[PDB]
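One chain comes next, on its own, written out as structure tokens in the form deposited in one PDB entry.
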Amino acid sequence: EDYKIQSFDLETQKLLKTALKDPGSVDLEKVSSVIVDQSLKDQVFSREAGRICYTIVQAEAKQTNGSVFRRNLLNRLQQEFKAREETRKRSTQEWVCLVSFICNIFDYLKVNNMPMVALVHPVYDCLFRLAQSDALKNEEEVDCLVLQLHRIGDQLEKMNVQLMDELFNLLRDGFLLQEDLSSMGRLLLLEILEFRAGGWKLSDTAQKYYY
């Protein structure tokens, strides 16, 4: 149904819709390229691109037994991931979009509900970046971080619990020690600390307190 592609050109939406049903009829390298381009420019699409990406990947595998789209999508994703520090320096918004996109691809591009190990290190590297002092000092980055933890924290922890323990240690540190967090940042961090402590869920009383 809803692939959340409202932010694109009418013409580009037409291309994406065509890719969905008949990937053999489109240039899948180009399709991957327009998807990753827009994922950096639109908050909603950065958080929802996985829906259309999974559907094209499945369609291509069923049609031609091919993974041209996936390979091109993940190559481009790796290119953007590698340039994440310069992207963060250029634009906090493009950087938080990139993180949401990588994490959304992790969640949707599955073999069963087996995630792709190739995405584990990209996801963790981004979350660890967000958990540094000089990122927690930015409320936009904290919002991004906790969105990913709500979305895929439980799955990620399974993929590597020690990394998750180390990540949450940074979160306690930032929460405990670092003075220059906004009220909204401090609140987001406390909620996610309670969220993991409760087994990646929101108790009724915490729901009422925060929301």
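Only residues modelled in both forms are compared. In this text, rigid core is short for the largest set of C-alphas that superpose within 1.5 Å between two forms. Numbering starts at 1 and runs along the sequence shown.
What follows is about the form deposited with a partner chain bound, which we do not show.
In the deposited bound form, its partner chain lies within 4.5 Å of some heavy atom of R70. In the deposited bound form, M116 approaches its partner chain with a heavy atom inside 4.5 Å. Its partner chain is not drawn, but in the deposited bound form it has a heavy atom within 4.5 Å of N75. With a 4.5 Å cutoff on heavy atoms, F106 does not count as touching its partner chain in the deposited bound form; it lies far away. Stretch 62-70 is the contacting one of 26-34, 62-70, 148-156, 42-50, since its residues have non-hydrogen atoms within 4.5 Å of its partner chain in the deposited bound form.
In sequence order, 111-113 is the sole run of at least 3 residues present in both forms whose Cα atoms shift by 2 Å or more between the shown form and the other one once the core is superposed.
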